[PDB]
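Take a look at the structure tokens below, where one protein chain is shown in two forms, each on its own, as structure 1 and structure 2.
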Structure 1
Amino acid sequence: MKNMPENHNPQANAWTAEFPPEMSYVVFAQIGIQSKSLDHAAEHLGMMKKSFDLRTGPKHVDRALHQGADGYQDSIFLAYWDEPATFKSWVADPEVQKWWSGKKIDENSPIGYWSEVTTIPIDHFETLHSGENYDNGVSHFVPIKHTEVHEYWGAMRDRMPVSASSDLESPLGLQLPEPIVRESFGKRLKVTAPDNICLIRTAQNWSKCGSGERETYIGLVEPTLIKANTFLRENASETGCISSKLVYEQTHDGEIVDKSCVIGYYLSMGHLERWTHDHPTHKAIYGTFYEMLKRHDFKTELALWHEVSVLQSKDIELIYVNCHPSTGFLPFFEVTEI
């Protein structure tokens, strides 16, 4: 590990995914229905829900709700496979093909469709968990193990196997170009990303907190998490953050549960590192979590985790049908009409 300090002894425990040898990829698919009122999205969401129960459906799927720009909401499925061939057979299923790639989105539709499908090579992937929790993304179906490789700047990079042999820099260098405003409503658009973009899903789960911890999380952490995500959304070029969403997770039936996450894409892992290590909003929430840890013998019922991947252009498929121009990758890079 390159960045680990001498005689490193972390204050808090943490766990990390330990992938079996036969696993080569994780498919992480984000599929969204975009609307101004959730009633408009009900029909699509019903169809997609049933598709996930196919024999080729994902090993795990979360539902979440995103409040986007200017009154648009995204109803999102976060779906995981451990076998790309199974994912491809799922997409090919006639029931999935009824709605895949926004097929039902007609002209002048009140809803949009988008999908961001990432096929993650395992050597370009790492996870971290504040507890031995088997309901955190891939930990629903991958074992996890205790690790010392955390609680220092650069630990995320060190946990990703390929960082020992690659700097993981963008071919575009250090500056994300100014966003542009696409005429994206009424169109079917595919965006091509540059190599070595970095995707993070970083999650907060207060479902097991008693009153004390819950009041602290809601009163003292979440407001600054909201501030952090807003800053990332509004300052793409300064930060290198292509896209950031704060989403609240839901039951199968759509009810909001006590879980959230930020899903963000960055021009490179280095951009994500520099924001995390430097910005005051992450400074503030990091400090509060360690304040909670000390007050609870370094075992809070609040659970945090993240999944971080570094992606090649060919690893990610980005499709936006009748979407608001601020959605996802639409402001950046190369676009084509499908």
Structure 2
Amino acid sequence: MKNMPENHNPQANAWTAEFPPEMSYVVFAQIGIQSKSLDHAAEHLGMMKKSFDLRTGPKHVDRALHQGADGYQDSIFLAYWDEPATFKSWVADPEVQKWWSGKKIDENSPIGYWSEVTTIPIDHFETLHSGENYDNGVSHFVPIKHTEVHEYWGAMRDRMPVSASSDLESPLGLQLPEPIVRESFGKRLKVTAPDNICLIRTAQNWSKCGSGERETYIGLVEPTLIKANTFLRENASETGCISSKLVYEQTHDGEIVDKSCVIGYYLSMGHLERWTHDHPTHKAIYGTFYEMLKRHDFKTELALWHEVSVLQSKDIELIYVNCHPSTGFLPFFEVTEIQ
């Protein structure tokens, strides 16, 4: 509790995941089919859906839809394992090998494939939940406990165990350049990330909200979350944000539900902290959130949560097959053709 204010007394409760002692890693896989029309993605999305039901499949998996650049959409699965060896065995399963790593994607194909697989060391991971909710990413399969370590600037860092001994910094005084345009269509590309990047999934869940809370969330809060994410996508150098996606979650059948989340990679957790604490875009969000809590008596069915991880280069595998150049990590760092 290095950053906790003196006599800290949070006003709102919060919960955080408490991992069992035999758990050393969480595998968080984002797998995306990229298309201009969802009909072209239908066949791929069927094969992958069945693969998640294998005995070696993820402990939990969400679907989400992302509207990306230039009319291209990403149909994404967000899949979790609590054992890397089980995930490795799922990949090697022959049904998965039919489509893994864009194997079905030709160089003249109308769809793209991408995957960003992060193997998260547990001491480099933390979660926060506005309520005792068992349907928030890892809280589907990991118990959560009440925490006082929240509601101050630095609490995220303090909730992450390794920050007791590590600064988690990126190189001093250096920034992301302007994004570079790659010739990524028709190619199988691999990107190598630097050490200590920070990945956040921060989520909004209003499916249990009544008439009043839903109108206030859609009308007041969501517009500024969108503005936040748009700003982040367009100001990589200034913010340190490598990649930011606002996605809307879907049923197994792909119908949109009243849930969204932002998935962002940052050059370091300090970059994420500086944006969150000092930028007006989020200051705005936090301000329309308290203005919504003032319109409904600070009694909320809205549910928020986030998962934050700090990754070494070798913890994350970034593969883009026949993808648009602005996808994910493609505009930054070292790209390599896969043979």
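Just so we're on the same page, residue numbers count up from 1 along structure 1's sequence. Here the rigid core means the biggest group of C-alpha atoms that line up within 1.5 Å when the two forms are laid on top of each other.
J.: Once the rigid core is superposed, exactly one of 65, 38, 293, 47 has its CA displaced by 2 Å or more between structure 1 and structure 2; which residue is that?
T.: The listed residue whose C-alpha shifts by at least 2 Å is 293.
J.: Spell out whether the Cα of residue 174 moves at least 2 Å between structure 1 and structure 2 when the two forms are superposed on their rigid core.
T.: Superposed on the core, residue 174 moves its C-alpha 2 Å or more between structure 1 and structure 2.
J.: Please give the CA displacement of residue 284 between structure 1 and structure 2, in Å, after core superposition.
T.: Its C-alpha moves by 1.4 Å once the cores are overlaid.
J.: Give the C-alpha shift of residue 107 between structure 1 and structure 2, in Å, after superposing the two forms on their rigid core.
T.: Between its two positions, the C-alpha of residue 107 lies 2.1 Å apart after core fitting.
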